[PDB]
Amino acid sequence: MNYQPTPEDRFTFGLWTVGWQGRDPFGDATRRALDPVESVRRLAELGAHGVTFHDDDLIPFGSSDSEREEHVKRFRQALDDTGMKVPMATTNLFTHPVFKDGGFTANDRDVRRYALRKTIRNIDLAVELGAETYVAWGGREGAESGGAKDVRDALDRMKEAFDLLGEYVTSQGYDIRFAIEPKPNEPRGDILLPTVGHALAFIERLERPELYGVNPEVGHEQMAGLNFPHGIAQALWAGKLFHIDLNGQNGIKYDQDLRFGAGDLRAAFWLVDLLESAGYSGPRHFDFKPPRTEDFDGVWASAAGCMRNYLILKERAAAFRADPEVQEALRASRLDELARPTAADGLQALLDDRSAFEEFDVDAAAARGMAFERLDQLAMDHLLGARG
C-alpha cells in the first residue's frame, strides 16, 4: 500500500531528464535551465539514489580548465550534502554541430580523433566521481542516404574507437565498464547498432569483450516494434545487462521518453517481473523528459511518478509469482518443462529413442491446449489488483 522510494531502491536520473527545457523540433523551450546542484537536491528529497550526466550537462561546452574545476567542485559538494551517488556517466557526442555526421564514425578522420579525446577526458572524470559504468549512445552514427556511409568501414571505425577506449581504461587500471545504448533512428535516418541484438553482436567482435555490455532503453526497442522484456532476457542470457534506461513510449513514432509506467503498461509489468526475478542489481535509471506542457511542479511530479510506478509494478509482479494459483497455472502451461533439457541423454540416445519420432503420437500432442489464456488473465488480474 505504501510506494515511497528510498535510496535503497537504486533509482537514478540523468541531469538532462528533469533538466530538459522543453525545446523540441517545432518549438522553443518552455522552462528555464536548472542548476545541476538544484536537481541533485530536489531528486534527493524525492527518494532517488543518484544521478548521471553527460560531460556537457555538468561542464558547459568550451569551458576553461578552471571554470571546469569550479563546476565539478559545486557538484561534488551537493553530492556530499545529500549522500547522492553517481553510478554512471556518458559523453555528449551529438549536440555540437561538429558531430553532425557522427563522433566515432564521422567520415572526417579529424572529428573521429576529437570525439575520442573528448570521451577519454570524461572517463577520467567519471572515475573520479565513482561511476561504475560508462554509457555510449551513438546518436549521430548513421545516415539519411545510402551512399553517405559505407557501413562496413563505419563498423571498423566503431570497433577501433571502442577498442582504444578499452586499451585506455585497462592501462590506467580503472574499474569501469562500458555499456552501448542502441536506438534505431532519430536524429539520424538510420542509426548504427539499431537494437539490443545488433549491439550484443558487435560487442563479441571487440578485442576485450568482457569490458562491454548494453544499456537498453524501453522506448528505443519499442521504436522498432520489438518486445522489450524479450530483448532484456537475451541481454541477461548473455550476461551483458550492465545498466538499463527506463521510460515509456507509445509505439512506433518519434522518441517520446515518457515517464516510466506510461506507454505500454503491460510491457512495463513484464519488464519489472523479469528484472526482479533475474536479480538485476544495477541502478534503475530513468531517461525521460517531463512533457513541455509542465512547469517545475509538473517536472517533480513526473519524476516521482517514475519511481512510484516501478514500486507498484514490483508489488504486483511479486504477488503474481507468489500466488499458488499462478504457480499451478505455470505448471499447467508446462513452463516447468521448458526449463528441463531437451536431450540431456545426448545425441545418440535421441537418435535411438523411438518415442521421439517413429512412435511419437503427433496427434495426441497437438490436441493438448497450452492454457496460456487463463495464465495471462491471472497476470492481468494481478496487475489491476483484481484478484478473487
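When you see a residue number, it is the position in the sequence shown, counting from 1.
> Mean C-alpha B-factor higher for 66-74, or for 23-31?
Higher of the two, by average CA B-factor, is 66-74.
> Quick one: higher average CA temperature factor, 222-230 or 79-87?
Looking at the recorded C-alpha B-factors, 79-87 comes out higher on average.
> Based on the PDB record, which member of 144, 175, 160, 294 exhibits the highest Cα temperature factor?
Reading the PDB entry, the winner on C-alpha B-factor is 175.
> Lowest, middle or highest third: where is residue 139 by C-alpha B factor in its chain?
According to the entry, residue 139 has a C-alpha B-factor in the chain's middle third.
> Taking only the Cα B-factors deposited for this chain, tell me whether residue 366 sits in the lowest, middle or highest third.
It belongs to the highest third of the chain when residues are ordered by C-alpha B-factor.
> When the modelled residues of the chain are sorted by Cα temperature factor, does residue 280 land in the lowest, middle or highest third?
It belongs to the highest third of the chain when residues are ordered by C-alpha B-factor.
> So where's residue 199 on the chain's Cα temperature factor ranking, which third?
Residue 199: CA B-factor falls in the lowest third of its chain.
> Lowest, middle or highest third of the chain for the C-alpha temperature factor of residue 318?
Its C-alpha B-factor, which the entry lists for residue 318, ranks in the middle third among residues of this chain.
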